[PDB]
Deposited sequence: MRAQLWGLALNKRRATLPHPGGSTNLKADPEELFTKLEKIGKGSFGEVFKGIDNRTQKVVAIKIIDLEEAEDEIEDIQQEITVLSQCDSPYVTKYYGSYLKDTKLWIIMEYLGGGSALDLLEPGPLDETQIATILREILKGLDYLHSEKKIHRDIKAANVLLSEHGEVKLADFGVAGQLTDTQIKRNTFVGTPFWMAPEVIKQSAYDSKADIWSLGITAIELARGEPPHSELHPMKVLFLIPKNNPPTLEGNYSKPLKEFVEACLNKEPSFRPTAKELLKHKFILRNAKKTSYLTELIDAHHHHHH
């Protein structure tokens, strides 16, 4: 992190665009390029126990160089405040884009395909995302789909072995992807009506969720593949990129601008 430069001279801070982990997130302008950025400001006086978690996510982001992972531009310390500068993605999150109404299976398949490309990248780099969910999938204004908000190394997207504090690996991300597929299809993850502490024992106790409703059998099978209780029975991200649901239904990401437009016109 840069300790000399004054982030308030380098960036113009604009409106809040999100409640982030450990701090609020603002739309900002890079004053030298006039590009829009996302700025997370964390008060390190008021968030002291979590500082190592913040450092860990910065480290992981700084090691990533993929079209499918939100870019990290650096961080600055001013008085007690840490400014973290990231790529601004103007389409908003996939969770945002569920608000006007249901996605169609081409949109679901396209978003899942792009998430899978990001997971393929991370897993090939021996990284685990750890918090795959629609709120952490961001779209550019062109429809590009990228991962953000890595989990630290709410239970609804957690694999059973993560909850049982077993040794887990990248297959935990594949379970979370299955939950995210249900969320993209239905609007909410399984058990969304229940208190989190009940969900904490239901996920290990119960059979895995299934996708309920009038969805194509390939989509239900995609979900069932990801949501195996046994991690070794879950496919890899590489394998899932060849799943018939993806191959039959995914299309150009640029088509997702229609989804972004529907969210803009809805508001």
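In sequence order, the gaps in C-alpha coverage of the deposited chain fall at 1-23, 177-191, 306.
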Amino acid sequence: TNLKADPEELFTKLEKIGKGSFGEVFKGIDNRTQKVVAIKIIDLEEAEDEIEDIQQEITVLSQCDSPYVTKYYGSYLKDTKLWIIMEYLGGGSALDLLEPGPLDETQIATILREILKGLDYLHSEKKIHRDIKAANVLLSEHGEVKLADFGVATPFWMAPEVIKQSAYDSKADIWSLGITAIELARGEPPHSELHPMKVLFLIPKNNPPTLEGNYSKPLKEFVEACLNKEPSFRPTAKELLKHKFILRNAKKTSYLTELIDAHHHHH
From here on, numbers count along this sequence of modelled residues.
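Under this definition, the rigid core comprises the largest set of C-alpha atoms superposing within 1.5 Å between the forms.
Two stretches, 222-230 and 25-33, are weighed by how far their CA atoms sit from the shown form in 5 other deposited structures of this protein after rigid core superposition; the farther one is 25-33.
With 130-138 and 76-84 as candidates, the stretch whose CA atoms show the greater average offset from this form in 5 other deposited structures of this protein after a core fit is 76-84. Looking at the other PDB entries for this protein, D53 is present in the model in all of those that include the residues around it, rather than absent from a third. Look at the mean CA B-factor for 48-56 and for 234-242 in the entry; the higher one is 48-56. Taking the PDB entry as given, 156-164 carries the higher mean Cα B factor of the two stretches 180-188 and 156-164. Residue set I132, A109, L116, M197: peak C-alpha B-factor at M197 (per PDB entry). The PDB entry assigns its highest CA temperature factor, among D173, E144, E105, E99, to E99. In this PDB entry, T80 carries a Cα temperature factor that places it within the highest third of its chain's modelled residues. In the deposited entry, the Cα temperature factor of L247 sits in the middle third of values across the chain's modelled residues. The deposited CA B-factor of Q34 belongs to the middle third of values across its chain. Per-chain ranking of the deposited C-alpha B factor places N207 in the middle third.
Among the modelled residues of the chain, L256 sits in the lowest third by CA temperature factor in this PDB entry.
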